[PDB]
Amino acid sequence: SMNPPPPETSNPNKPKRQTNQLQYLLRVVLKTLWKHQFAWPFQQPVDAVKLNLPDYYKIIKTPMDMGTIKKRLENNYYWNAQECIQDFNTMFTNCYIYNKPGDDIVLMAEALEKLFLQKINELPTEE
Ligand SMILES: Cc1cc(-c2cc(NS(C)(=O)=O)ccc2Oc2ccccc2)n2cc[nH]c(=O)c12
């Protein structure tokens, strides 16, 4: 039943970078989805005790979520955009493995992934 610790949002060993895309992912792409109607389940780590889902973390092994993704951006945790983009693909994949096609939660995940995949069709350029 228990909840594991959340993903790390800071890491001193890990090198950090503030590219102009990561700035965009936080200032534009992440606040675009954060405000959406379907955003709330993905706004913090899943609570398998509260949800009474004791099997969730026996099937999901790389948990991810936007709460976690948001702070990583704020901590400059990533080295480049694709690192963060891949925290998103993990999140959505976790939602489509643990649940079934058509379940309410995946319909939101699919809604988001498609507003997602549309906002990162155009990142800003480098310096
Ligand atoms: C990714 C995700 C998020 C949630 C979920 C999270 C919270 N809040 S919290 C504090 O983050 O854990 C509350 C209800 C939730 O279940 C919903 C199931 C259907 C429609 C709306 C919500 N779930 C539940 C089951 N499977 C999942 O993959 C999942």
Side-chain angles (χ1 to χ4, degrees), residues 1-17 19-36 38-49 51-81 83-99 101-127:
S1 53
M2 276 205 87
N3 280 348
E8 72 193 9
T9 76
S10 68
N11 191 329
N13 306 319
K14 187 189 181 292
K16 326 220 303 286
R17 265 202 325 180
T19 81
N20 268 12
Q21 282 157 113
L22 295 138
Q23 302 169 22
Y24 174 89
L25 283 172
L26 166 63
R27 73 169 62 102
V28 159
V29 167
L30 188 121
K31 296 149 187 312
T32 286
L33 302 98
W34 192 268
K35 284 187 127 90
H36 188 256
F38 297 161
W40 65 272
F42 313 92
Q43 283 198 330
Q44 83 213 281
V46 316
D47 203 328
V49 312
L51 287 174
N52 310 282
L53 288 170
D55 57 327
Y56 187 91
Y57 289 97
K58 313 153 170 65
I59 301 171
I60 307 311
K61 302 311 181 168
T62 40
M64 195 45 63
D65 64 271
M66 295 206 294
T68 292
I69 288 168
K70 173 174 168 180
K71 312 183 270 226
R72 291 188 162 180
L73 302 161
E74 282 161 348
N75 298 340
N76 289 340
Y77 173 86
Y78 298 120
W79 181 257
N80 53 20
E83 218 154 70
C84 170
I85 296 179
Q86 175 52 238
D87 276 337
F88 282 99
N89 297 335
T90 300
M91 174 177 79
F92 297 131
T93 287
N94 296 359
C95 190
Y96 306 140
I97 300 175
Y98 180 73
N99 308 268
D103 302 349
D104 263 11
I105 188 73
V106 301
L107 291 182
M108 306 159 95
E110 264 151 30
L112 283 180
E113 197 197 3
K114 149 186 163 195
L115 158 59
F116 179 70
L117 271 187
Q118 144 196 310
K119 290 262 146 164
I120 63 169
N121 214 284
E122 267 221 287
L123 291 311
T125 52
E126 262 218 332
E127 223 84 56

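We count residues from 1, following the sequence as given. Quick note: numbers below take in every heavy atom, side chains included, and nothing from hydrogens, waters or symmetry partners. Whatever order the structure lists them in is the order used to number ligands and atoms, beginning at 1.
For a threshold of 3.5 Å applied to N or O pairs, the pair formed by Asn99 and ligand 1 contains at least one separation below that value. Every N/O-N/O distance between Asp104 and ligand 1 stays at or above 3.5 Å.
With ligand atoms numbered from 1 in the order given, ligand 1 contributes 10 (C), 12 (O) to contacts under 4.0 Å with heavy atoms of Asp47. Atoms of ligand 1 lying under 4.0 Å from any heavy atom of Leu53, numbered from 1 in the order shown and given with element: 25 (C). Numbered from 1 in the order shown, with element, the atoms of ligand 1 that lie under 4.0 Å from a heavy atom of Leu51 read 4 (C), 5 (C), 6 (C), 13 (C), 14 (C), 15 (C), 16 (O), 23 (N), 24 (C). Atoms of ligand 1 found under 4.0 Å from any heavy atom of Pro41 (numbered from 1 in listed order, with element): 3 (C), 11 (O). Each of the atoms 9 (S), 10 (C), 11 (O) of ligand 1 lies under 4.0 Å from some heavy atom of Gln44.
For atom 13 (C) of ligand 1, the nearest non-hydrogen atom from the set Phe42, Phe38, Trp40 belongs to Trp40. Residue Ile105 holds the heavy atom nearest to atom 2 (C) of ligand 1 of all those in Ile105, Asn3, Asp103.
Checking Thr90 against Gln86 by side-chain atom types alone, a donor-acceptor pair falls below 3.5 Å. There is no side-chain donor-acceptor pair under 3.5 Å between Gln118 and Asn121. A donor and an acceptor atom, one from each side chain of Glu113 and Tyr96, are located under 3.5 Å apart.
Residue-ligand proximity: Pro45 is placed with a non-hydrogen atom under 4.0 Å from ligand 1.
In this structure a side-chain-to-backbone donor-acceptor pair under 3.5 Å is present from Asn94 to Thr62. When atom types are taken as modelled, the side chain of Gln43 and the backbone of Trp34 share a donor-acceptor pair closer than 3.5 angstrom. Using a distance-only test at 3.5 Å, with no hydrogens or angles considered, no donor-acceptor pair links the side chain of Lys14 to the main chain of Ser10. Between the side chain of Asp55 and the main chain of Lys58, no donor-acceptor pair closer than 3.5 Å is present.
With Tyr77 as the aromatic partner, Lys16 does not meet the cation-pi criteria of under 6.0 angstrom to the ring centre and within 45 degrees of the ring axis.
Using a 4.0 Å cut-off between heavy atoms, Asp65 makes no contact with ligand 1 at all.
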